[PDB]
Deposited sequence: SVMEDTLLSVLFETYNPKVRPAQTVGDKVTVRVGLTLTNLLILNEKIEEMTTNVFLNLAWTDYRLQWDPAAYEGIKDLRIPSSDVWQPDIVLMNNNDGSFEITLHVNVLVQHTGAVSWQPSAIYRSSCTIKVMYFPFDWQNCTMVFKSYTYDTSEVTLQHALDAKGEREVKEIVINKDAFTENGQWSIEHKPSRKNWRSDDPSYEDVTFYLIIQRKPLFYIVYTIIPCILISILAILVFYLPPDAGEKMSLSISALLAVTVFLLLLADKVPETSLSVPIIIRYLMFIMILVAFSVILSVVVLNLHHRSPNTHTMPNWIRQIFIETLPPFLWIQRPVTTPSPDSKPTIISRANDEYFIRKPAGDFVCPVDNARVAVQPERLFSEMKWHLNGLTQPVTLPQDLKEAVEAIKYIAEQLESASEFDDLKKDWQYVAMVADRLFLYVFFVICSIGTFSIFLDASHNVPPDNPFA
């Protein structure tokens, strides 16, 4: 008969795990709660939740679990099934899923002093409010709020878990150096913890662990930013084509079709939240508007190129501006009645070529204008996306 059996029989002769340990009426049980993030599984922005593999680290003192180790074979510590001992139901309040409790229910460790220590494992799905303004170049601030679902501040007192050395107090999510899987998409920046009670309700002591995770946007870059840049290059090129070739529309509208295809590609990844427009979506819409304006201006250029003296008469103002003002600033600078018919056709062709030259000047002007506009817009959007860096202060 191993004396551990006798010790268990002695401890749990009248022990009731349905009452909190209070040696005197009105005594509060101090519970230290910490977190150990083994793997940040996912942050699904479509449903705005984060799935994390965690080890909750609870430590309290049950005065009923005391014994003299000298009276036994030096049994300083003991391993008890979790269901056989009292435990504060330290649950995750802000869970997107309906599950509050832990998943594993590992054995609790009890010292002869009564210091019960518990390290259960869980797969928590906590609701995280996605700040979708700079997606994908965004830093998310997700939170995990742990507290006793039933016991208020007049029955339990929450504290931060002590380190391996009991002298200090850990104010952060303890990340195990080994046995930790670094998430491919997200990067941890700050992982603090704070006990944040609310003033309106005095009995709302709870411990909150924050994760400031910055996204690595390489996937979204390679799959949307570069193709949009190529489409923008094509839209700028549209105005270098000659109208006589007959492919201005065949290029511009096909670039628009490619933009639509990229929008279809992005339709399954952008968050479904209407607080703000993601910067990637703003860039997509800017490129789409630019391509639409390229189509419109190519249509205008083609209409100006095919204008004819027998269909249009060149106005005085156009003949003035597009002949004597822009070319300096754009570096263009250009047997009886048979003869009479040829001369008339020559004059008609001269006026037609004047229309064509006006079209060419307008085409060059639109080329320069759209190059400038596209470059400025893309540079501004990328600058704004780049400047979005999580604050050094975590505001723990």
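A.B. asks: Enumerate the deposited-sequence segments absent from the coordinates, judged by C-alpha atoms, in order of position.
C.D. replies: Seq positions lacking coordinates: 335-407, a single run.
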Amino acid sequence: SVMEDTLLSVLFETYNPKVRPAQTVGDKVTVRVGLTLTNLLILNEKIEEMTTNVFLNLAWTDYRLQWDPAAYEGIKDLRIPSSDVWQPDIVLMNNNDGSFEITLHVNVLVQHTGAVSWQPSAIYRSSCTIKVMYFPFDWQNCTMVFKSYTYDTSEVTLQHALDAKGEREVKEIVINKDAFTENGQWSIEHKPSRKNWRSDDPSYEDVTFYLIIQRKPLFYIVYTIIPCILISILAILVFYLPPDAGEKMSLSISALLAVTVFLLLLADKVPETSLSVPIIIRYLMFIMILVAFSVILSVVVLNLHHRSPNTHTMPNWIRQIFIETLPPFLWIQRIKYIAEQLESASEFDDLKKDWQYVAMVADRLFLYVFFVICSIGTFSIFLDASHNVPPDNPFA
From here on, numbers count along this sequence of modelled residues.
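By rigid core we mean the largest C-alpha set that fits within 1.5 Å across both forms.
A.B. asks: Core-aligned, which moves more in 8 other deposited structures of this protein: 111-119 or 255-263, by CA RMS?
C.D. replies: Comparing 111-119 with 255-263, the larger C-alpha deviation in 8 other deposited structures of this protein belongs to 255-263.
A.B. asks: Which is farther from the shown form in 8 other deposited structures of this protein in C-alpha RMS with the core fitted, 264-272 or 242-250?
C.D. replies: Once the cores are fitted, 264-272 deviates more in 8 other deposited structures of this protein.
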